[PDB]
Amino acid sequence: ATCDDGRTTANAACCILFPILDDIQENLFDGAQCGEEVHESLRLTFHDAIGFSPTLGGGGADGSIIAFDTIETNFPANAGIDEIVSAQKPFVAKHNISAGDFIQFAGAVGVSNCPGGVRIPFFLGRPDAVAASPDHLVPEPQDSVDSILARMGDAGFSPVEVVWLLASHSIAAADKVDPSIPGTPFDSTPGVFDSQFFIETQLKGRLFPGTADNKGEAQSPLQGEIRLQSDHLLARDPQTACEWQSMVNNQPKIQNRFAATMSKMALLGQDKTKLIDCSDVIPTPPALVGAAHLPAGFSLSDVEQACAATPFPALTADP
């Protein structure tokens, strides 16, 4: 199909997304950057979608975190979410798509701005949310591996899928874990969708970048980085450690698995066969910049190897 402005897309219904794309690229993502609002919007996709439990209720990727913001943004696990919800809400009001669609669309557009990134499949047509998520459905950084895997499993994800989804922490920071150091990233390349997160979480912790007694925080290897206790544990636990290490210097796997598993997450509570595929509206991401490395001055001995079957790969350090 050819849209009114000459841009093309496979299914004509998708034409409505082009003005939305242009608006968010300039006015949400600061001119199509992989920056704060991309990171926040990607976190929002998860906090919206994971509110889904056969047992407990919630409609998944339904826009409930916007439509029922008064309730959901007060949940403890949604600390700091109010900011991106408030930023997104006027775009939803202005344009003519549902909040559930908007959240997933903004997340997919944002990830596409990040070097090394992917186009997450995107489907149009979610109806408006009809219930708020229950509380206590979003994993927290102080939670055990068993708890996290059980919650994610309840929503439909296997342990390897949890690892694949956590490639998101390659383009991510924390504002609330240690509020003395807001905006501290989880890897050294928060503007690049790469394997640095999986490398750097494997390093022996050295220091706290801010204060030393925050709930859900582990020692970081680097002053410029914060480490979650959940990521500390997932990198090392026998259930997940081999998958975690398998991501290191495996950009094609990170790409393929993140796109596929994000599509699954974006469709929680939804039925793809009732939606329209608008995947081709998402921009082409830039190629990876940089390559997998240890931080300058580090060596393999600084890696806490946790996969008995397979030694950690031989990376070189920054000069």
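Residue indices: 1-based, along the sequence shown.
K.L.:
Mean C-alpha B factor from the entry: is it higher for 286-294 or for 22-30?
P.N.:
The recorded data point to 286-294.
K.L.:
Using the B-factors recorded in the PDB entry, average over the C-alpha atoms of 208-216 and of 131-139, then report which stretch comes out higher.
P.N.:
Between 131-139 and 208-216, it is 208-216 that shows the higher mean C-alpha B-factor.
K.L.:
Per the coordinate record, which of the options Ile84, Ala173, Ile97, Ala106 holds the highest CA temperature factor?
P.N.:
Spelled out: the listed residue with the top C-alpha B-factor is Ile97.
K.L.:
According to the deposited entry, which of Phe197, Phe122, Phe157, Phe91 has the largest Cα B-factor?
P.N.:
Each of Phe197, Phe122, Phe157, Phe91 was compared by C-alpha B-factor; the highest is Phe91.
K.L.:
When the modelled residues of the chain are sorted by Cα temperature factor, does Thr189 land in the lowest, middle or highest third?
P.N.:
According to the entry, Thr189 has a C-alpha B-factor in the chain's lowest third.
K.L.:
For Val162, return the chain-relative third of its C-alpha B-factor as stated in the PDB record: lowest, middle or highest.
P.N.:
Its C-alpha B-factor belongs to the lowest third of this chain's values.
K.L.:
Where does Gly153 sit by CA temperature factor within its chain: lowest, middle or highest third?
P.N.:
Middle third.
K.L.:
Comparing against every modelled residue in the chain, figure out the third that the C-alpha B-factor of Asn250 lands in (lowest, middle or highest).
P.N.:
Middle third by C-alpha B-factor.
K.L.:
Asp271: which third of its chain by C-alpha temperature factor?
P.N.:
For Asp271, the deposited C-alpha B-factor lands in the highest third.
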